[PDB]
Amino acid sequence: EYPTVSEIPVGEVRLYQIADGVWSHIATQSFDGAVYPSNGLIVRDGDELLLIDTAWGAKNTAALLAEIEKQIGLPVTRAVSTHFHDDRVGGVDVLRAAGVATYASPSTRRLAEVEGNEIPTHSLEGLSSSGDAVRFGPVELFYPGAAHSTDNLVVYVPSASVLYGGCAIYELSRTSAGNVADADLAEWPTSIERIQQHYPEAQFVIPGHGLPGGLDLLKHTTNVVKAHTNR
């Protein structure tokens, strides 16, 4: 079954096959005295792999590359970071030193620079306005609007009906808000609606942290964000 936070030592990385040529990667990290799991995606791209998000830090991301080589044996040639925070760009330098072409939107690149986080080298154009979508190899990238962060992207894999929401989507077990210092609470439910409207066909939805589900994860996140807004 899908690996949970309690089953993954910090420093180790697990892969979970969703579909032909589609996996999530799962890692864990301490933050503020608690241990969190964290998800990203791996999508096969001919005889190469596209990586979505690092494994939250240099050590984990090196383990992630080692696990991919062991379990899959295809080269990661490009990676996309879905926003500027350390669980999505922490490890970009590891990726770059391994020869991976790292990408993020100009918004994410500017904010990472401001924050002191690692900065993906390449820039994704065409994603600066809410509702914008661009094809990137075997995925579509979508900018739904400000939500968990002003730059957050979601990623859809049309071949597998997989929607990766990143930190803009919460798992069901999370009934209170995560970090919101960088969020746009006022716009977050509207951005989720844009996701629903653009990817109504999605079958497997992956939050930034925790267990995947279906499109009900978008309603769940809306419920939680609105409850937080009101308290």
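Quick note: we count residues from 1 along the sequence shown, nothing fancier.
Look at the C-alpha B-factors of 70-78 and of 88-96. On average they run higher in 70-78. Per-stretch averaging of Cα B factors for 3-11 and 220-228 places 3-11 on top.
Highest C-alpha temperature factor among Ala147, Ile119, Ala160, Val155, as the PDB entry reports it: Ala160. Ranking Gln197, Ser191, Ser173, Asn39 by Cα temperature factor from the entry places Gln197 first. Compared with the other modelled residues of the chain, the Cα B-factor recorded for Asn60 ranks in the middle third. Among all modelled residues in its chain, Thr102 ranks in the lowest third by Cα B-factor. Among the modelled residues of its chain, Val114 has a C-alpha B-factor that falls in the highest third, as given in the PDB entry. Among all modelled residues in this chain, the alpha-carbon of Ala181 has a temperature factor (C-alpha) in the highest third.
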